[PDB]
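Accompanying notes for the structure given below.
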Amino acid sequence: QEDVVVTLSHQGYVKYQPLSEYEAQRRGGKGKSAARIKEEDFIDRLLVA
DNA sequence: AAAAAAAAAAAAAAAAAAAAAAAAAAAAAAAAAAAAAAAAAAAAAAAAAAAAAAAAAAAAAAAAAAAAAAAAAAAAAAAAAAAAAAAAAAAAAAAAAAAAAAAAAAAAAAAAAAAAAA
């Protein structure tokens, strides 16, 4: 269907795409949700919603 | 001269393949539109350049949203067990150039035969 989905591409080999509803609201001041996106000595570049 | 293996007799067991004819689909190989890409012309918006200017960082200082401290409480993520996906390492292989052995054409010359001359 059309459902809001996240996508991100990193340096090297990443085109991972999780669903948007897994992450919940937070108050600005805490952050650090620690998403689970394994990366071996590369750098993230892009996120899209 | 001893050993061993093929082949053939006849009732039994058990298999395999080539084509025709029409109509539909599925691979697989081509011309041919159609658009990127590239070479070589003229052409034209941007940087340069200069003078002239006035809009936002400094500075004084209050005060009001703040980030550390304290506390309680919820429970995301990390590391350890197992269980699947997916890719290099190494080894193997079927056609394929190289070599060697047998079939068909070749004439030189003669044995045997057929035929005829005087």
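Under the numbering used here, the first residue of the first sequence is numbered 354, with each subsequent residue one higher.
Heads up, the beta-carbon is just placed ideally off N, CA and C, and yes, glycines get one too.
Endpoints, the beta strand (DSSP E) within which residue i is located
i	result
residue 424	Here the chain comprises residues numbered 354 to 402, so residue 424 is not present and cannot be evaluated.
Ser362	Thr360 to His363
Whole-angstrom distance between residue j and residue i, CA atom to CA atom
i	j	result
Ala377	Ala402	15 Å
residue 349	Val367	Absent from the model: residue 349. The displayed extent of the chain is 354 to 402, so no value can be given.
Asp397	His363	4 Å
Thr360	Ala388	13 Å
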